[PDB]
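Take a look at the letters that make up each chain.
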Amino acid sequence: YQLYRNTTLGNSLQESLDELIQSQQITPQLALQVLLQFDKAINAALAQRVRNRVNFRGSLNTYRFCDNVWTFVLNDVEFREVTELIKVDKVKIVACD
Amino acid sequence: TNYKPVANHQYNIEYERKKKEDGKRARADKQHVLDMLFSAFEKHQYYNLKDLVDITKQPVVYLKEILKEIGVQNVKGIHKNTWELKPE
Amino acid sequence: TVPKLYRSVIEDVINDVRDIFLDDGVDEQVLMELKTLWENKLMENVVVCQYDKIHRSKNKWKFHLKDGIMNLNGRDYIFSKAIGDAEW
Amino acid sequence: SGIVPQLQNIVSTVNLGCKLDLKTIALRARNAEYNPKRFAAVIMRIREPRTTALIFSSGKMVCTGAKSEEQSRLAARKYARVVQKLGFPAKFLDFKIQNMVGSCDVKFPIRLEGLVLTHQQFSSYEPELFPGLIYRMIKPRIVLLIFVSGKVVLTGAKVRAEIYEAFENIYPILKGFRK
Amino acid sequence: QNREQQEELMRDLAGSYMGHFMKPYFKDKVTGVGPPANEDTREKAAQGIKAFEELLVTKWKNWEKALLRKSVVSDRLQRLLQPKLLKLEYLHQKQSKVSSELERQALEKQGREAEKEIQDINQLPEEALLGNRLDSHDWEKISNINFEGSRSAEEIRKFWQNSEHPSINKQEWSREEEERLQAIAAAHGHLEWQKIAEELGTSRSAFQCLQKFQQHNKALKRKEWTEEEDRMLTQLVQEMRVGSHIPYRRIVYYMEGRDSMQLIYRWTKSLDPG
Amino acid sequence: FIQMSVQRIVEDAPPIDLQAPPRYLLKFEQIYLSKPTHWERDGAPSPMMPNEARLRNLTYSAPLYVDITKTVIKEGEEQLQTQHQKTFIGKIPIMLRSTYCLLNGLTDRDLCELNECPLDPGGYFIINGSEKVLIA
Amino acid sequence: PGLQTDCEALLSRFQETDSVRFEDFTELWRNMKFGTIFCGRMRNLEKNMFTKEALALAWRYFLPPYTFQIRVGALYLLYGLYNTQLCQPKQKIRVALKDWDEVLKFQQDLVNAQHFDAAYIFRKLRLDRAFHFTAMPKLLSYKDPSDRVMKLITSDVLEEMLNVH
Amino acid sequence: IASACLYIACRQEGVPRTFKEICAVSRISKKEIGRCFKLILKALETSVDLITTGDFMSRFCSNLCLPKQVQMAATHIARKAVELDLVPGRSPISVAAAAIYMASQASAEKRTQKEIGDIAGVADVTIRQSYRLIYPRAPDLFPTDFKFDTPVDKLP
Amino acid sequence: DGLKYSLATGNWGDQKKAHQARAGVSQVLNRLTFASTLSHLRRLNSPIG
Amino acid sequence: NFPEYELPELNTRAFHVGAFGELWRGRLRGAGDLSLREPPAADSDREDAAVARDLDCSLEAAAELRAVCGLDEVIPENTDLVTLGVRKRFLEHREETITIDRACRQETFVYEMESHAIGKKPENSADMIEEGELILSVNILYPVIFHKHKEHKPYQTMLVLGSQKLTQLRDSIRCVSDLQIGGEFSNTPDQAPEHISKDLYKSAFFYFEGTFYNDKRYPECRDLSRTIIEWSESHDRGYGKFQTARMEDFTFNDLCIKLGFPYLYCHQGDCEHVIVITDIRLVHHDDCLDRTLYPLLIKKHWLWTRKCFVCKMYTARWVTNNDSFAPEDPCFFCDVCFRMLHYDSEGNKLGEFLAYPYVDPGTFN
Ligand SMILES: [Zn+2]
Ligand SMILES: [Zn+2]
């Protein structure tokens, strides 16, 4: 699905697999199979093992739509988790369904 | 209570919604369409135009033009004249 | 919650690929090495999510977003639903 | 009377003069959308004149949403510059204002029933389909949505003078049916 | 005046609750969420002061005791299937591009083995499928998918592990089992109820053993009144009366080792003229 | 015929089985008859008296309804069973002075109020205003 | 629960006399045995709640838009209810503020019409301090009326009209 | 085209039905019925008289089990309401449903908003909206000589 | 229409199948006298075939 | 200003309480209706002279009025009225369905709380309240302690005194969030109890129609309203134009509020109570006349009390989370069953858990 393989989790996994490959301890075929399994696993996790709603407000700076992926760039945003506020100056939302 | 007022019949909304969601049959680059046609040729010797459309998932007019460019249709006396994927 | 979720994902991935590692002929010590290396390596604001509905009025955007991992201020947050508003 | 309709929308078209690869524009423009499963154009928005351009692969752009002819021409030229910067040989040929939706309020409730009864050959009043009367003016080919609240939405004109003369033709008729 | 009365009638028709002013009194007209927490709120939460909704307990209904079992079973099946399913898919992917036949036949044989193992796993009985009341399932998942969010992860986890696992003997106690429990807890000292639940022999929780011991204890309450305790009771009653209303359940929580029934009997029969 | 044969005929009809692969079934169970009714130009139903049928050249017919249960299977381990209660399927001509005729149980005085001869034996049908007798 | 029916019954049996004298209301009170409306076993809580309801209802009838006869009847009813209660801390009649300037002009019209029975009754109520001078009756949370046409037109108005004409 | 012609004929004869009473029979959505209806009136260069509220009453009150008294009642209420401009610019079907609901709750046989919505093909919200517009003027709309068992002075 | 057509005309079977349709089963009731009405309602037919 | 129904029967318009009290005391100025004294043949003549003076009648007419308008139990009741008949039927049905027929504990509770202080004279007569003091019957909605408290919101009503500082009510509202002890005591449960939350987080505020009366009386007090005013100074949120105050420079008689409309009282961070001024009335002579006790409790809810989960004989002193012995996750224990289940012989926790001290809301509230 190649969407969640940019986050810190997916980045760390890619880097670990690269360290294992350059150390000649694993094949790239098994590595890409592990990556696909990771995508399935993180989708199942975020769908089932996560229940918390945030609410954000911002001034949408730009947006974009192509091949079923929205790319919002918002400015001066406040995210609102359970009880805490998280204020960010600029945030990119890459959404894909 | 029969033929009682409905804004739309439920079947009509369901089918129309499905067609809208399934959307458009994109015309893929000739090369990709050709590769799919040749790859599927191994499975069976001959294909029907209607059945071939589902496998390739391409416009009928566009698919026919591609098929005409290489493929030909042979008259069969058992069911009807059907397209043969072998150009020769 | 974010570290617990990450640990869950790591454990799931390790548990599900154990058989492949066994099969292709790489010892499970390499698997545990992968797991510890991942857990160790684990230690711009971007929100990678799915969209359930991006509705738009004349200028008011309303995002209903599904499962998502945001990276706000160097800190990763997790949401199962994000109902945001914006004005272009 | 003394009230004139306020132009609310102006649809114009232009020929950019070169075939486009819409995927490129949707990948490189700033506010474009491209859902070729929903429509076959790139939907760009801008903020300065607040207009929406649908750009087509044939090179024909459709700039809608402006509130004046000049704003529409400026917006179309803006989208032209945008597609120009993206590495396309876009020019500005055949700009044409294809529609002008103006609105107004005569400020008195209207009897639609009487109006359709006396003007059966122009007006269409179906309260089941639309709560407004649709008066197809014939001298200028304008269409008026006239409502019981007094609001009158003129639409279909290519020139502002058409909107104005259409409202001038329709005002006495409504004054005759002042509820 | 009559037209004002008419307008009052119309504003009555156009009038409207109190639930909207509950715990988050302020809330967006857009999103409907309160303002962020105070600094006092964050500092209070840091000290581990349980909010009201955290101390909020609800009984485990029977259909929940069934959903839990069915959900743990289903989750264990999925967790056991996922590895073998992935192995089968990987064998299929290697078969699709092998560019060989004898290796393809060896791969088909390994796929037969993998499918046989998936079949053995699908036919696993419920008993060996549940586990041993101390193995981890995806309890965050059961709290969201199976339960719609009505029970947290740790709530389900502790209820399953400590109480509702089938390796917990929930059958009624016998006189001999109760007597062995008494004798052990007396010999073992009343303070090591994990070792008492183990040494009891029958598969019990420490909680159940302590519960039965208390419900059959006799030093739980004091069962005899002293003059100091009478003075305490009198001073307490005179403080927490509001009239003829003597809340004995509020009084007890200052009397050491008494029940409200004992307080009622005392203040009624032996501490009023009356 | 009305009380038993019509219901038996509907019950004895095989269920309609259709395959696309979604599968569809139609089962007809219960049969209902309303009193002879006539629908005006505006579409307002009203009881149809035998004299009015004779005068206006109408057919003395009773609406026929059948309860239809539809079950659909889409090979997705789900079954949806929807029942259409009292589905109009036609109108049965009614024999006068029969249990399903409006002149059933009416006393002789009541029949005179309806401009019907009490000595009239019934036993026929009004078909386009013509009194039709079925010869054995 | 049925109390408003007895209140209306007493007020109607009173207005049918076309009288204002309190002696007639005493005769109806003793006839209806209305004072025993409180007699009967009931504990203090429900007792004073019922008394609250009764006093509030009688007072509601004491105010416009009711006829003068009904209003004097309701004043007598208030006197009889408040004076015959089983509550030891007698319940008090809740007088809003917005109604005080109307009750005062009503008392003035009573004493001007030499209806000294009802005016003395209201004075007795105000001396025994039988009122809670609230802001609104009916703590908040969360017939025989009078017409405008008689205030507009009556016998003397049309008489002066025809005289001027 | 067949459904639109059926609707135009029903309207021309003077017993008009609603589009929801033709879509309920045809296999196409009301949207297409209305589109082709306008297209047919445009092509044939003919017209159809505007529907009034008294056209849908002999059928709505008869599909409901209301008596003839309640039917003439609701007819009078609706005609007076459209006369007195209580319902400006609202579709005659919703006004008819509101008037029928008023005359039904006032008279012996009461009908809820749901049944009247099913029969008339009007969402109960619309019945509410156009009933609150004639809610305050209830008495002067009703027929003068009108018997009932629920006081017209009290209605929901 | 099927039941109406057969009673209206006296032909039994579908309209298109009038070749083998029995005729004369349905007849206009004889109202010349009360006796003729009673007799017609008790009439028995013996088809030759 | 005059209190008038903004909503038909739910709510009044915003009116100054001081102005309202002044209107009332002006309309009863020197008429003898605000006395706060106890109710007391020579007096008959003075009374008759007074009636003659107030009604413009003769001494004979006054005596006649005094005679005729004179005042004019026994469980038996016969020759019934409508409601008297209903009461007789109810009494007879209860006489056959009930076997003990005495006031239930909730009835006596509600009564003895309501009539707890009526006619209670001040011991000092220097704390006697002035004639006309505008008692306000506030009722503070309990927080959502039990889950069902969302449906039927329990409240405790307080007879606050007009012209009596705010913070005279803030210090009187009994909420259990003031008695909670912080920190976790799992390792050793004999720790010196950390100061109750009453001492640590002294801040609180009332919110009365767009003005946060903040309790800045103490130095440990911080502005709880700052968070809300900032949260509203951002993106428009419906709310707008928020004020501030100090809650010690204000009395209920200086306050501009609506009746029956919900306002706020936030304390202990976010323990929110919904304040409703049910009514305002001039003080009578038959209610409490003191001031040393006046922000007094007319009604309170009688909540339930949690009990020890092991033995159901004592109340819960402790709540443990993640307990390796408890079947439920938050498990409540008395002291006995807590010490017996978690501690070996000397205070070393057995297994793993997080134990917190639990103040029973149904006991200190
Ligand atoms: Zn609190
Ligand atoms: Zn215990």
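Header annotation of the entry names cryo-EM as the structure determination method and lists the resolution as 3.0 Å.

Caption draft 1: Here's a closer look at the interface of chain D and chain C. Taken together, the contact between chain D and chain C spans 6 residues of the former and 5 residues of the latter. For chain D, the biggest contributors to the area lost against chain C are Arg45(D), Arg47(D) and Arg50(D); these three give 80% of the whole. Along the contact surface separating chain D from chain C lie 0 salt bridges. Taken together, chain D and chain C are joined by 1 residue pair in polar contact. Classifying every residue of the side of chain D that touches chain C gives 1 nonpolar, 1 polar and 4 charged.

Caption draft 2: Highlighting the arrangement of the chains. Interchain contacts are distributed over 15 pairs of chains, and the most extensive set of them lies between chains E and J. The two units chain B and chain I are non-contacting; their minimal C-alpha-C-alpha distance is 20 Å. In this assembly chain B lies apart from chain J, the nearest approach of their C-alpha atoms being 36 Å.

Caption draft 3: The arrangement of the state of the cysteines in detail. All names here are of chain G. A complete count under the given rule lists 0 disulfides over all chains for this structure. Looking at the unpaired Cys7, the closest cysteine sulfur is the one in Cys87, lying at 15 Å. For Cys7, a relative accessible area of 0% gives the class buried.

Caption draft 4: Focus on the packing of helix α3 (residues 62-96) of chain E against helix α7 (residues 153-163) of chain E. All names here are of chain E. Running from amino to carboxyl end, α3 crosses α7 at an angle of 90°, the nearest separation of the two axes being 11 Å. As judged from the angle between their axes, α3 and α7 are roughly perpendicular. Contact with α3, carried on its side by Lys65, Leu68, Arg69 and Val72, involves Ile156, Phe159 and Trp160 of α7 and no other residues of that element. Residue composition of the contact of α3 with α7, by class: 5 nonpolar, no polar and 2 charged.

Caption draft 5: Geometry of the packing of aromatic side chains. In total, this model carries 85 aromatic pairs over all chains according to the counting rule given. A centroid spacing of 6.4 Å and a plane angle of 70° characterise the contact between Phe108(D) and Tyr171(D), whose relative ring orientation is edge-to-face. Taken as a pair, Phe108(D) in the loop between β5 (93-105) and α3 (112-118) and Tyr171(D) in helix α4 (residues 160-176) lie far apart in primary sequence, 63 residues in all. In this pair, the class of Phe108(D) matches that of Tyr171(D), namely buried. Seen from their ring centres, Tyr131(H) and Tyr135(H) are 5.7 Å apart, and the 70° between their planes marks the pair as edge-to-face. For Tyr131(H), a relative accessible area of 5% translates into the label buried. According to the relative accessible area criterion, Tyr135(H) is partly exposed, its value standing at 30%. Across the ring face of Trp225(E), the terminal group of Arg258(E) is positioned such that the distance to the ring centre comes to 4.3 Å. Taking NZ or CZ as reference, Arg87(J) lies 4.7 Å from the ring centre of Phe50(G), over its face.

Caption draft 6: Seen up close, the interface of chain E and chain J. On the side of chain J, 88 residues touch chain E, which itself brings 68 residues to the contact. For the chain E face of the interface with chain J, the top three residues by lost area are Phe26(E), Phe52(E) and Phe207(E), together amounting to 11%. For the pair chain E and chain J, the number of links is 4 salt bridges. The partner of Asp40(E) in a salt bridge is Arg222(J), and the shortest N-O contact between them spans 3.2 Å.

Caption draft 7: Up close: the sheet that holds strand β10 (residues 262-267) of chain J. Residues and elements named next belong to chain J. Across the sheet, which stays open at both edges, the 8 strands sit in the order β8-β7-β6-β10-β11-β4-β5-β12 with mixed pairing between neighbours. Looking at which strands have only one partner, the edges of the open sheet turn out to be β8 (244-245) and β12 (296-299). Summarising the sheet, strand β4 (residues 135-141) and strand β11 (residues 271-281) pair through 6 bridges and their orientation is antiparallel. When the sheet's bridge partners are listed, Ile135 is paired in β11 with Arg281. This element, helix α7 (residues 225-233), spans β6 (204-207), β7 (212-214) and β8 of the sheet and lies at about 150° to β7.

Caption draft 8: Fine view of the environment of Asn128(F). By the element assignment, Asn128(F) lies in the loop between β7 (125-127) and β8 (130-134). Along the primary structure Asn128(F) and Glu116(F) are separated by 12 residues, whereas in three dimensions their C-alpha atoms are 18 Å apart. Once residues within four sequence positions are removed from consideration, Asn128(F) is found in contact with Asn57(F), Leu58(F), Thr59(F), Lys4(I) and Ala8(I).

Caption draft 9: Representation of the coordination of the zinc ion (ligand 1) in the model. All names here are of chain J. Note on the zinc ion (ligand 1): its protein donors are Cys175 (SG), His267 (NE2), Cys271 (SG) and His273 (NE2). The metal-donor distances range over 1.8 to 2.7 Å. Coordination at the zinc ion (ligand 1) comes from 4 donor atoms whose angles at the metal span 90 to 124°, giving a geometry best classed as tetrahedral. Residue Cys271 is classed as buried on the basis of its relative accessible area of 6%.

Caption draft 10: A nonpolar patch on the surface, seen in detail. Residues and elements named next belong to chain G. Taken together, the side chains of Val149, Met150, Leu152, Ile153, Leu158, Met161 and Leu162 present a nonpolar region at the surface, about 620 Å² in accessible area. Those elements giving two or more residues to the nonpolar patch turn out to be α7 (148-152) and α8 (155-164). Overall, the relative accessible area of 43% leaves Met150 in the partly exposed class.

Reading the values: rules and limits
- Residues numbered from 1 in each chain as written, not as in the entry; some residues may be left out.
- Chains lettered and ligands numbered in written order.
- Part of a larger assembly, values for the part shown.
- Heavy atoms only, no water.
- Residues with missing side-chain atoms left out of burial classes, pairs and counts.
- Contact = heavy atoms within 4.5 Å.
- Buried area = accessible area lost by both parts, 1.4 Å probe.
- Salt bridge = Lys/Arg side-chain N within 4 Å of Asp/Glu carboxyl O.
- Polar contact = N/O pair within 3.5 Å; in protein donor to acceptor, adjacent residues only side chain to side chain.
- Nonpolar A, V, L, I, M, F, W, Y, C, P; charged D, E, K, R; others polar.
- Disulfide = S-S within 2.5 Å.
- Buried < 20%, exposed > 50% of the residue type's maximum accessible area, 1.4 Å probe, protein only.
- Axes fitted to C-alpha atoms, helices over the stretch in contact; angles between N-to-C directions.
- Helix = DSSP H or I, 4+ residues; strand = E, 2+ residues; numbered from the N terminus.
- Parallel < 35°, antiparallel > 145°, perpendicular 65-115°, else oblique.
- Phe/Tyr/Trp six-rings, centres within 6.5 Å; stacked < 30°, edge-to-face > 60°.
- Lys NZ or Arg CZ within 6 Å of the ring centre and 35° of its normal.
- Pairing = 2+ DSSP bridges.
- Donors = N, O, S within 2.8 Å, 3.2 Å for Na, K, Ca; no water.
- Tetrahedral: all angles 85-135°; square planar, octahedral: opposite > 155°, others 65-115°.
- Patch = residues over 30% accessible without salt bridge, like charges linked within 9 Å, V, L, I, M, F, W, Y side chains within 5 Å.
- Areas by Shrake-Rupley, 256 points an atom, 1.4 Å probe, with all protein chains shown as cover.

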